[PDB]
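In: show me how the following folds:
(one chain, ligands or ions: 2)
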Amino acid sequence: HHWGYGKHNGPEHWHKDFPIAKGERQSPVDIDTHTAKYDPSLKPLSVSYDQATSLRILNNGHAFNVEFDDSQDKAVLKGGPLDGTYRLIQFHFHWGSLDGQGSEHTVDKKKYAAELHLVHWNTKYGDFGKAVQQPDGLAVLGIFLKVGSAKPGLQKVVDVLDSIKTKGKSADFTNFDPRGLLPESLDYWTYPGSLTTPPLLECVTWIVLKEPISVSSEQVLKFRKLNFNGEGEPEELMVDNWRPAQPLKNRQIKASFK
Ligand SMILES: NS(=O)(=O)c1ccc(-c2ccc(Cn3cccn3)cc2)cc1
Ligand SMILES: [Zn+2]
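Out: Residues are numbered from 1 along each chain as shown. Ligands and ions are numbered 1, 2, ... in the order given. Provided below are the atomic coordinates:
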């Protein structure tokens, strides 16, 4: 009886195995655009993905992860609110059963159809397991997805999903360029928070871009054909794999833009 997103094991139950679920810096949060303060001391974000090496795509029973070689500084995030160099390890998404829900962060209570998380870890801690134990261990770049025009750079991901339909399935996934998933603007909000799934560790500097990307209805429909279950188990579609907004508590959300 492990955690997940159903009635009996979903977000409102997580605190029983993971007490930090009720902590002081949990994620996601609602971004109140009028209360966020412009911080003119925040630097432009530096996204350096030209040498990125994607390796594999994995259905882990909660989402699918596109994994990267993070054994060298090849795809890194710096600048913005960050001190130091953070290495891209994987990206994944959270999405809905309907286009009106699916994102984890909200903007003035608006839910997007999905949200992309590009996960990076602070190289001063040596590797990812060590980084998640530190309050500045990870930087997760969050990007909202709305349904409209297709995102051509997403299509290679959409088309391999039938090969990883069920939990524990993986596929080779080389040469995928995550630059094709970025909006034009890197204007962002930033605050200190947590992993949005167990173990819910409070180790994340969140950097959420204001500009959503558009994906097509057909692209998101293909996310919703994935399964939470393993092969040979009863079929339960992988939809609504999002945690709702958590209390902001004693935090301020900062804007890079006016
Ligand atoms: N991007 S996000 O949705 O907040 C998000 C990102 C990462 C994880 C995550 C992190 C660590 C583990 C366990 N672990 C693996 C190696 C060492 N520890 C499992 C999941 C959960 C949610
Ligand atoms: Zn995530």
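
In: if I look at the residue lying farthest from the centre of the chain, how far off is residue 55?
Out: Using C-alpha atoms, centre = their mean, the residue of the chain lying farthest from its centre is residue 232. It sits 28.5 Å away. With the distance defined as C-beta to C-beta, to the nearest Å, residue 232 ends up 27 Å from residue 55. Using the backbone N, CA and C atoms, a C-beta is placed for each residue, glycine as well.

In: swap in residue 163?
Out: Distance, residue 163 to residue 55, using C-beta to C-beta: 15 Å.

In: between those two, point out the one with more neighbours.
Out: Using other C-beta atoms under 10 Å as the criterion, residue 163 and residue 55 rank with residue 55 on top: 17 against 13.

In: excluding its backbone neighbours, what's nearest that one?
Out: residue 67 (5.3 Å; C-beta to C-beta, 6 or more residues apart in numbering).

In: if I pick the one you found, what's in contact with it?
Out: Residue 67 makes contacts with 54, 55, 56, 57, 58, 89, 90, 173, as judged by C-beta atoms under 8 Å, 6 or more residues apart in numbering.

In: get me the contact residues on the stretch 151-258 of the chain for ligand 1.
Out: 195, 196, 197 (C-beta under 6 Å from any ligand atom).

In: same thing but at 8 Å, please
Out: 194, 195, 196, 197, 198, 199, 201, 204 (C-beta under 8 Å from any ligand atom).

In: hmm, back to that, so what pairs up with the residue nearest to residue 55 in the strands?
Out: According to DSSP bridges, the residues that bridge with residue 67 are residue 56, residue 90.

In: for it, give its distance to ligand 1.
Out: Going from residue 67 to ligand 1 by C-beta to the nearest ligand atom, to the nearest Å gives 12 Å.

In: excluding chain neighbours, what is closest to residue 92?
Out: In this structure, residue 92 finds its nearest non-sequential neighbour in residue 63, 4.3 Å apart by C-beta to C-beta, 6+ apart.

In: got the contact list for that neighbour?
Out: Residue 63 neighbours (C-beta under 8 Å, 6+ apart): 92, 93, 94, 238, 241.

In: go again using 7 Å as the cut-off
Out: 92, 93, 94, 241 (C-beta atoms under 7 Å, 6 or more residues apart in numbering).

In: repeat that for residue 68.
Out: Contacts of residue 68 by C-beta under 7 Å, 6+ apart are 52, 53, 54, 55, 75, 88, 89, 90.

In: recalculate using a threshold of 10 Å.
Out: By C-beta atoms under 10 Å, 6 or more residues apart in numbering, residue 68 lies in contact with 49, 52-56, 74-75, 87-91, 118-120, 173, 176, 178.

In: quick one: it and residue 239, what's the gap?
Out: 26 Å.

In: among the contacts of residue 68, which lie within strands?
Out: In strands, judged by DSSP state E, the following of those are found: 54, 55, 56, 87, 88, 89, 90, 91, 118, 119, 120.

In: my guess is the first one contacts residue 66. True?
Out: Yes: in this structure, residue 54 sits in contact with residue 66. The criterion is C-beta atoms under 10 Å, and the distance is 5.7 Å.

In: what's the overlap in contacts for the two?
Out: 88, 90, 91, 156, 157, 173, 176, 178.

In: please name the nearest non-neighbouring residue to the first one.
Out: Nearest in space to residue 88, with sequence neighbours left out and distances taken as C-beta to C-beta, 6+ apart, is residue 75 at 3.9 Å.

In: output whichever strand or helix holds residue 207 as CSV, restricted to C-alpha atoms.
Out: Assigned by DSSP states H and E, residue 207 belongs to strand 204-209. C-alpha atoms of strand 204-209 as CSV (Å, rounded to 0.1, in the frame of the first residue of the first chain):
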residue,chain,number,x,y,z
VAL,A,204,14.5,22.7,-3.9
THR,A,205,15.0,26.3,-5.2
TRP,A,206,12.0,26.5,-7.5
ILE,A,207,12.3,28.6,-10.6
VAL,A,208,8.9,28.8,-12.5
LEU,A,209,8.8,30.4,-15.9
